[PDB]
Structures are given as C-alpha cells and as structure tokens.
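Peer 1: Below: the sequence, then the experimentally determined structure.
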Amino acid sequence: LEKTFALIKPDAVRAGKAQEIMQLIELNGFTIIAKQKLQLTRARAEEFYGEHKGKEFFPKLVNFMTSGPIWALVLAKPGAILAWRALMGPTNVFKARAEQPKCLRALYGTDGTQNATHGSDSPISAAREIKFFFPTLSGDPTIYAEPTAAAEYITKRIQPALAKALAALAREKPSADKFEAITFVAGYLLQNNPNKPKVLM
Amino acid sequence: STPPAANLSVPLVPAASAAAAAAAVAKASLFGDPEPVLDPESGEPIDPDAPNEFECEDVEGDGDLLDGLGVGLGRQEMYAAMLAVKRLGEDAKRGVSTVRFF
Amino acid sequence: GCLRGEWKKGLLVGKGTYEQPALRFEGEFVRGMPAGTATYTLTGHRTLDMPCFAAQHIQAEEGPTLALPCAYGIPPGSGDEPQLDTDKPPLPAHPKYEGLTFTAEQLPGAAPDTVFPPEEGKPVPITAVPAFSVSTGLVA
Amino acid sequence: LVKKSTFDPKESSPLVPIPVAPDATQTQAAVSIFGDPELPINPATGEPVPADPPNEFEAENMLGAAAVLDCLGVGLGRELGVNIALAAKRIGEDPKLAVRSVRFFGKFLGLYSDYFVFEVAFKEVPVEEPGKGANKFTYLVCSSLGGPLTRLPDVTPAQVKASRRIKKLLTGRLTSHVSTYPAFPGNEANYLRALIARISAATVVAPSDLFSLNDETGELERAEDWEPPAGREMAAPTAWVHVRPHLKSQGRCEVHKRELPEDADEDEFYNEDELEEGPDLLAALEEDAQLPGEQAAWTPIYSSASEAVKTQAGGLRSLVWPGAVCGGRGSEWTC
Amino acid sequence: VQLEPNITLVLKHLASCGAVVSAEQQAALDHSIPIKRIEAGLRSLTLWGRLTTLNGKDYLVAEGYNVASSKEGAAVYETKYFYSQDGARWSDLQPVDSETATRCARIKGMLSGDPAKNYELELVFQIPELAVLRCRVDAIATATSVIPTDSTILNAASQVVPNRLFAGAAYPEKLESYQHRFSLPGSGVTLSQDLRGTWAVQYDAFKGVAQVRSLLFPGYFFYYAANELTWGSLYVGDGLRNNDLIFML
Amino acid sequence: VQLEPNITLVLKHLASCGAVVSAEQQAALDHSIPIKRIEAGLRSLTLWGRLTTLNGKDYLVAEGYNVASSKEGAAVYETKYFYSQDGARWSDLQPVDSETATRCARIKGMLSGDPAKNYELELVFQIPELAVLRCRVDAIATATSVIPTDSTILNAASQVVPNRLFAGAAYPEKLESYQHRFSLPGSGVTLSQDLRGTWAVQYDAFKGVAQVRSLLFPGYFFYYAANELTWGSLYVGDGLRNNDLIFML
C-alpha cells in the first residue's frame, strides 16, 4: 500500500468536471484519503514547481496554475504511482487521444499544457509534494526511523537551540520540580530559535 | 458505547386508542359515497336515508382565500369542513335550512 | 442511404439492408416493401457530446447503440402474390403508406457500433455524402 | 482520554482558505421574481435612475387556473402555479418586451433539462407570414422559472411535415441534432416549435358560448354576458370548442394553391394536399374524429367522486396528445 | 435516515414532473392510509401510483409490506396491493396467474374505470379488468423500483432493514447512487447495469435534489433530497411501456 | 432519527393549530432558505416562527446554529437569528446588551411593521423595535425550545450531536418524553420539572402524532410523529407572555 499525490488543474474545474474525475478515480480501486480545494498564489506555485525553474514552458505553466482553484488529492493503492501514471495516460493530450483514448487526459484535457491532471513521478517527489500540500498527513514511517537518520536529524535540530536551552536550564537551576523546568525550557525554545524571529508589539 | 435510546418494542397500535380510531373512521367517512350495506339475516339491501335539502356556502373557495392570506386552518382541513357541513345539512333527523362554518 | 440486396425483376425480394448515417435496418422485403421479421440498429448520436448519466459509461468501450427485433407488416392480400398479365389490395405508395403496419414487443438489446459508409458499397458514386462514427459524430 | 490527549500543532497555513459552495445563479434568479425590485440609486446624484412603468398585458387568472388544475388532479403543482404566475408577471410587465398577451402554454420534459413555454403576442410551398396562421404567436422558453428568455423561431411547413414522421425525445440543449434518416431541417429549437404548433392547433379550447366570430375584423370576441355552466357538466365534450385554426396536412393553416396554368389545367395540377377542406373555427370537441374503436377524442375528468357536492369542477383530457387538459370550476377555466 | 417515504414530500418534489393528485384525493389519502395500514398488520403502506381510466374515475393504487427478507441472493419484499376509485375506501387487488398475465400483456389503451368490465381475447377468453390492472402494476413494479444505494443494510436473522447510519449517496447526479430495491445492499448491482438509455437524471446542486425519470415507463418518477436525506417514488399514467423507445432516443 | 426538522412537515402538521404561512411566502421560503444558509455559512437553518404586527407585514424569523457545545452544564447553541417581512430577503437580528435587555421587557403591545420604530420609555430612553423583537424571541426560546429526550448525545470534545440511533420516545403522551433543548443529555431534566400546568399534550394514538402546546406562551406548538420519527416546532402569534396563568386554569 503506497500513497501518491495528484491534483486536478483549473481546466477540469472551470468546466465543472472535478466530481466526475473523482468518481472515476474511486471506480478504479483508488482511495482518496485526503482532498482539498484550494487556490495557489504566484509564490506558492513557483515554489511548488522548483524542478523546472526557468525552463521554456515555466512562465505559461506558472501563469496557468494560478488562474483558478485546483483540487489536491492523496490517492492510496498498492501500485498507486504506476497505476495513476497509467490512468492519466500520456502527458501530451493529442498523443493521448491518438494512442490511448478513454484516458483522463484524452477526455478532459485539451490544448497541450492543460492536460487537466498532474501526478507524482517517483516516491521521492510523491512524498515531497504530499508534505508540501498536506503538512500534517502522517506517512513514511520507515524512511525516517532509521537509527542513523534519526541521529542525523537530532543532530541537525539540537545544536541550534536545544543545547543552549539545556545550558541555560542548568545554569539558572529553577525549582527542582520538573514542571517548572519544562515550562522554562519550552519558553526558552519558543523565544530563542534560529528558524523563527522574535515578535514584538 | 451503546446510545441511550437503543430500541423499543411497542405494539403496532396502542390498546387504548379506540376513541382516536372512531374519530379517524368518522372523518374518513366524509369522503365519497356511502356504499350500500346489506342487512343481516338476509341479502336484501338496506335503503339509504332520503337526504335533506339545505343551503350552504362555498367552503373550498374561502378555504383558498384563507390559504392565500395565510390564516385559518390548512387547505386539507377546509375540505373536511366542507364535507362535515354537507353531512350536517344532509341529515334528516336534525332539519337545518342553512349551514355555515363559524 | 446505401441499400444493398439481391433484386428480382426490378424489385427487392428477400433479405435486404439499408444504412444511413446513424441507422441500420435489415430484414425481409416482398416486392420492394418491407415485411416479416426485421431488425433495427441505431445509435444515440444526438447525446454523444453531453455528460453521461452513469460514470462507468464514460470510460467504457461500447457505444450507445441499440438493436430492436421489430417486425413490419403488409396487408394480407397486397403483395406476396405476383401479378397476372382482383380482390387484392394495393401496395402502400410513397407519399403515405396506407396499409403498412409496425410491431415491436421485446426490449432492445446491446449492439455493436455502426459506421455509416458500410464498406460493402464503399466506392461512393454520389457527390455529397456524410460519414459517422462513435469517436467522431456526424462530420458533414 | 487519548482523544483528549492527542497533540495537534495547528500552524498557519500558507494559503487563505477557499469556499466549497455550489453555484447559486439559478436559485438567485428564481428568487428575483418575488417582491418588487427597488429602483437603484445613481451614486453621482442621489436621485433614482430613469425608469419605465409596467406594461398592460392581458393575461388570465393564473392563480385561479392553478386552483382549478389542482382541483381536477392534473397539471403542475400548486406552488409551481404561484411561481408561474410571478414569472408571467415578470414577462408581461417588461417595458422592453411590448407584450399584449401572456399565456402559460405548458412544460415539455426532457432528458437533460425541461422547457417552460410562454405564448406571447406582441404589439415549393412558402411559409406563413409573421403574425398569420401558425406563426401568429411567438413562444418564449425558459429552463427554470425566472431564468433567461430564449425566443423560438417561426415554423415552416417543411418542419411540420418532417416532425409528423418522427418520434423524438427532447434533450433540452435547444441546439442538439434531431434526426438522421427522416432528415429534419433544423436543430431542436425548430423541432420544439413544430411540436408546439401542432399541439397548440390541436388542443387549445374554450367554453362553448364564451367566444364568437367576427368577419369584419376576422377575429373572435368574448361574450361578457357568458353564464358559466355548472361544474360536473363542463366534463362534456359538447361544452368545449376550439380556438386555434386547424393545421392542414400540407403544413400550414390555409392551404397554398399554386395558380393553375391558363391552359391544359384539367384539374390534375393539384395533389392531395393542395385540395383539402378542414374544420371551421370554433368547432365543438364532440365532432373531433373518434379514436380506433367507438372512443371519443376527449375523456372526462371530475373534481369529486360524489355528485352531491354543491360546487365541483370538471374538464377533459386529450387522448391523441397525452398531457393536454382543459377544465373549469365556477367562472374560472383553463387549458 | 427516513423510516418511510412521506406522501406530502413525494407530491411536493414531483409537482414539476407532472405527478399530481387531486385535492379531495390528497386529503382522503391523508385520512385513510393509516386506517388501512392498521386494519392489516402492515408496518408500511404508502401510495404507489395513480393509473388513468376512460370514464374519469382514476385508479389509486397503494402497496404495503411488513418485513423485508433476503432470499436466493435478492431482497424479496412480500407486498400487498390495494386499489380505489376514491381516496376513502380501499379494496384488495388480487394477484393473477401466469398465463392470465401473458394474456394481460395483449390489452392496450387505457382500461376503463368500471372494475366490472370484461375484455375478450383469443377459443375465446374473458379477462377481468382488475386482472389487467394488477398485471400492469406488477410489471411496472418489477421493472423500476428505485432506492438510493446502500440506504438499506442486512442484520441479524438476515432481514433487509433501513440503515440508520446512512451517510448519504455520494455523487448523486449519477446512476451509481441509486439501485433497485430487489438488489441486495452488499452487491454492487445498481441502476447502471441495465440498458444504457432507459433512465434520465436531473440534479439541482444548490438545493441538492435529484430527480430520476424512467424512460421505459414514462410515468415513473423518483426524488432524492440529499440535505434532508429523503427519497421517494411515484407513478402517474396508464401502465403501458413505450416499446418504440429507440426511435425516441 | 431525523437530523433537521423539515419546513413542509412542520407547516403540514401545525396547519390545524393556525400555524400557517401564506402560499407566496411558502414558495419564497422554499427558494430563499438555502440562499441565506449558504450566504451565512450555517450548517443548520430552519424557520423558527412568525410574529404578528400592527400591519399585515408579519415578521418571519429563522434561527440557525453552527456549533453547539456543553458549557457549565448548559447545552449552549451559538444561534443566529434572521428576520424578514417577506419570504424573499432576510436581515440579521443583532444580540441585545443587558441594560436594554431589561428595558425592553417592560414594553408591551403587539409590534408595528417597520423595524425602524423607536419606542420611548421612562428622562426618556429611546429603544429600537428590533431590540424588542430580539428580546421577545430570546424569552420565548428560553422558556419554550423543546425537543424529544435522548434525541441528542455528547461526543468527544463535548459537543451535542443528533443521536442517529434514537429509536423514538415511548409514552409520547407523557411530558417526561420531552425536554428543553438546553438540557444536557445526561441530566434527567424534562418538561415535567417545569410548572405543573403550563404544557398541554394531546396525543392521537391511532395516527401516532403527539401535539404539545405552551399555555404560558399561547402561540408555541410542537408536533412529534412517532411512526416516522419527525418532530418540529413553530411559534405563531405575538410574542407577549401570559402572566395570569393561575386564574385561567
């Protein structure tokens, strides 16, 4: 059982074809574990399409994805990535109509870049995009729980501020009650951190 | 966690509803024509009563007016009121000449 | 419309076929007029470009084609009796068919799709003629 | 306890949320027929924008018609009657559409949408001139009450003759293709107009003595001293007469006789269609051709199952055209 | 959600589709359906339809049933039918034989209003009118009887009961949301495994109401209101299916 | 088993009690209830009642809540109220501060029509009529708002939600079978715990419809059908209170 990312572009939404696509997706054995209708801004779209970053089609591609609300879906299936790649069919809409009819790109997609769907290529990009659009959707418990990778992540996170917080806790030595120490270290962390700034009125 | 009002086992109709049944039968009898009832002890039909000649007003019409105004009873009750007026004016034992629904 | 058959003395007798952009009729003819058990087969070409009522029809391969086992009917004396060169009713004429009857008493079934140029009369001698398929509807 | 204890780090999402709400244009348009729309104000000068007074159309008692129809048990519902009355007022009042008469023709079902038809009067064989015969009335069309008004084109004899040969379910797009083999010369709007012409010329009726012909203007007038018959007696076909001119097999109201040549006529220049006589205007429904068997064209409908009820309603329903209905209660009548 | 379909809801949502009943008959149904329901032991009894007649006394038909079992891989609802000319008094509609139904099928046109008529068929055969009416009603009932998919569910002792936790049919503008009552809840057979052009569906998304019309029998209508989660079906017209359907599509 | 009371079943079952609305207003309601429900982001919106004025232009009042949570032993519903002279267009009823909420209970007599009316009370205090209407609606809702017992349940996070498995109330004749809306499901508080003679229940055993009328507020009716579990309530008439209850009974 694997989870892939997918999104319905504004061309299949301005034509009111989103629900038909969702029903077709559910008919082929997929499961929509998470869905959200949203509207990307220019900066968010540019950050999402980082792999292209200045290619020939990038201007029109980023100008199109911010022309209306899209849908974002997380599909779940044993062969989700490959099966969804097949279900969408070939990227080029005219080549899709020629080769494989009765595919979502052939039916709903038109006019080249407006292929009416977007899917993930590999599990790396799938996980990256899922975390991009669903920050709180749990997943991938095997690629983060390696003792080497766990130690590496703890190393990346602790030197910035937690070591300093522990040093301050040891030097100040507040009430021996552990709850006060927990509160003090939490305040120190939420006050001193390299990622977020300090907020003042 | 079983919810409070899980299930109940009641008869189809409460055994203490004879009055409501009689009222329902009386109100249903207002509709259509009275079917002839054959007498007991034989097959001869019992002749119906000769109706009384009375006068009344248009009850569906003013039911429609009151429904358009949003007052009075429902349009499904004004029709039963018409039928009750007809039954009252049609009786021979109590001889009326004009009827009206107050 | 393409009309294919095995004709006898200037008239069609026996099994004949008639094809038009969306329709395909086939059955027995007597003296140029349909009679006996026939079969109609045609597609809902008018609603090919509207959303389907079921989602499984969107991705299916079979098209909206229906086939009916109908039966035409002729007056009992008219036709079916070669002329002698009468107590016989006349054959129905062109502008109105007076004695022609129709009958259908079974449900339609599922039929394979139809393309108008029937490939049996493929060389078309007529100047203007349309074509039809399920992928592309009435082209011209 | 677990439900109460789960961590939930609600963090600021990068995007502003968007609403998932169905489109509300149709329902807003439907609502827009209730109440009076107040005259908008001009921001530049607080005085109101220039306006036009309503129009003086001549419609029937549509609320009474809905009441009669619900009494007989036919037609549309009672609430849709109110909606139709308000929409017809919307159509008639419009100073842009100078309408001298509004009458709700009816409602054609369809596969994807329906058709609410409003009959409107304003203020090779050829075709009927605009305002003559079957082309006397225009026909506005809605898909839902209060929506946009689509005008139908005039009908031609070829369309009528072609429609007489096909039995097609309506799709409701108003632009769909009609038929392939019995080639219909037009789209679905033409087919709907032809169906309308046939049904209108076949099943629009009135009470017997209400109308009377007038040759000086060639028009029919209302009695204004007409005394309505008692209900349960309008359920008779002799109580109703036609109002619309007959539709000949040629495809029009008055046959077109091409002028015979000055010589070699021999009366054989005319086919069956050009030489045909039809019923006269204001003909009782009793003389309508009978159906197969000894069956009259119109079948009686009553408002009650007991003749004893003082005031009832009665009408007829059409056999050749299932759905065409005429009925009356008291002085209120409808078709 | 609903336990039984509501007559007033059915008449209110099918008013556009032309399925209407007279005022007297409406009130008489309101007052008389419960009486006939309680006279028998039927847990459910509702108006089934209104067939048109020639004299003017339309046949009102109602159907009822007590319990809904599953047997030989289908939901077998043991139903009982009643008819009437007025909404007040309800008479039984006797079931017919097999050959009598085959002969029933050959009578066309609207049957007359009088239930004492006899039709002559062919050795001659006499067919009562009530037999013809029951034949037509059972034909229509067998052909088209719509309920939203998974609105029912099995239980202990294997009886098809309502599903009180019904979430609502998803994508209700498509035929996969509705199913024949005879189809078992678990099975995936729905309103899409029959002929491709014998059902039409209209949908209002803002009000969330779906109307399903049968084209094989042009008098059968069904509504599903999603916001209230209430569904109901009615029949209005003579019990004739249009065999010339293909030329109509 | 229902999740929200219908506006058609309420008008049908309460028509006899005079709780009726004009047909044009009924169609306007049918169209413009979902419009306001979506324009205001409310999951539930139903017609609450209809108040009479010195004009024919009565106030139709509809209430709707988005969240409903347990708070200090009270089932607090975050209700919003809307008013309309005609069924088409709705306006809002802003809540009333306590000073004017106490200076509005002394103003009596049936309201006027224009909601821009200023009552003058005793130095002179100017109070808007909309404030008075809001006060009266709040008083009636506090005194009267009634639902069947066990029809609501408490989930995790302490939210009151409809009991999908509500099997109905046995003994619908008894007042114990009914409770106020703001009573917690666990607490055994009902209408029996109110004053002895302030609620009259008339139950038709045959049709299975119970009817509860408020005598302290004479214009409040609540019907409960048990054969199909459907309960609704409406207030029709002026919002004034019946002080001298002891003499009348």
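Peer 2: Perfect, thanks for sending it. Numbers count the residues shown, from 1 in each chain, chains lettered A, B, ... in the order given.

Peer 1: how many other residues sit next to the residue lying closest to residue A:17 once chain neighbours are set aside?
Peer 2: Leaving aside its chain neighbours, residue A:17 sits nearest to residue A:108 (5.3 Å; criterion: Cβ to Cβ, 6 or more residues apart in numbering or on different chains). The C-beta positions use only the backbone N, C-alpha and C, and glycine is treated the same way. When counting by other Cβ atoms under 10 Å in any protein chain shown, one arrives at 23 neighbours for residue A:108.

Peer 1: For residue A:114, see how far away residue A:108 is.
Peer 2: 9 Å (Cβ to Cβ, to the nearest Å).

Peer 1: list residues touching both of these two?
Peer 2: Here residue A:108 and residue A:114 have residue A:11 as joint contacts, going by Cβ atoms under 8 Å, 6 or more residues apart in numbering or on different chains.

Peer 1: Which strand or helix spans the closest residue to residue D:332 other than its chain neighbours?
Peer 2: Nearest residue to residue D:332 in three dimensions, chain neighbours excluded: residue D:64, at 3.9 Å (Cβ to Cβ, 6+ apart). Counting by DSSP states H and E, the secondary-structure element that holds residue D:64 is helix D:62-72.

Peer 1: Quick one: the strands in chain E, in order.
Peer 2: E:44-51, E:59-70, E:75-84, E:91-92, E:118-121, E:125-128, E:146-148, E:152-153, E:161-162, E:178-180, E:199-204, E:209-214, E:220-225, E:230-235 (DSSP state E).

Peer 1: which residues does the closest residue to residue A:117 other than its chain neighbours contact?
Peer 2: Spatial nearest neighbour of residue A:117, excluding adjacent residues (Cβ to Cβ, 6+ apart): residue A:88 at 5.1 Å. In this structure, residue A:88 makes contact with A:103, A:104, A:105, A:115, A:117, A:119, judged by Cβ under 8 Å, 6+ apart.

Peer 1: ok so, going back, please name whichever of the strands of chain E is nearest to chain B.
Peer 2: With respect to chain B, and counting by Cβ to the nearest Cβ, the nearest of the strands of chain E is strand E:75-84 at 8.8 Å.

Peer 1: Just the buried residues of that closest one, please?
Peer 2: Neighbour-count burial for strand E:75-84 flags E:75, E:77, E:79, E:81, E:82, E:83, E:84 (criterion: 16 or more other Cβ atoms under 10 Å in any protein chain shown).

Peer 1: circling back: from residue D:177, how far off is the residue nearest to residue A:117?
Peer 2: Between residue A:88 and residue D:177 the distance is 32 Å, computed by Cβ to Cβ.

Peer 1: pretty sure the residue nearest to residue A:17 contacts residue A:18?
Peer 2: No. With the criterion set as Cβ atoms under 8 Å, residue A:108 and residue A:18 do not qualify as a contacting pair; they are 9.7 Å apart.

Peer 1: which neighbours do these two share?
Peer 2: Common neighbours of residue A:108 and residue A:18, using Cβ under 8 Å, 6+ apart, are residue A:12.

Peer 1: where does residue 132 land in three-state SS?
Peer 2: No chain was given, so I picked chain A. Counting by DSSP: H, G, I helix; E, B strand; the rest coil, the backbone at residue A:132 sits in helix.

Peer 1: Could you find the closest non-adjacent residue to it?
Peer 2: That would be residue A:48: by Cβ to Cβ, 6+ apart, it lies 6.3 Å from residue A:132.

Peer 1: separation between that neighbour and residue A:42?
Peer 2: In this structure, residue A:48 and residue A:42 are 11 Å apart, going by Cβ to Cβ.

Peer 1: Regarding residue D:113, what is its secondary structure?
Peer 2: Taking three-state DSSP as the rule, one finds residue D:113 in the coil state.

Peer 1: give me every residue that touches it.
Peer 2: Shown in contact with residue D:113 (Cβ under 8 Å, 6+ apart): D:143, D:172, D:173, E:202.

Peer 1: what do you get if the cut-off is 10 Å, keeping everything else the same?
Peer 2: Residues in contact with residue D:113 (Cβ atoms under 10 Å, 6 or more residues apart in numbering or on different chains) are D:143, D:144, D:170, D:171, D:172, D:173, D:174, E:202.

Peer 1: same thing with residue A:82?
Peer 2: By Cβ under 10 Å, 6+ apart, residue A:82 lies in contact with A:2, A:4.

Peer 1: which SS class is it?
Peer 2: helix.

Peer 1: Contact residues of chain E facing chain B?
Peer 2: Applying the criterion Cβ under 10 Å from any Cβ of the partner chain, the portion of chain E that neighbours chain B consists of E:8, E:23-32, E:34-38, E:40-43, E:66, E:84-89.

Peer 1: That's all I had, so thanks and see you.
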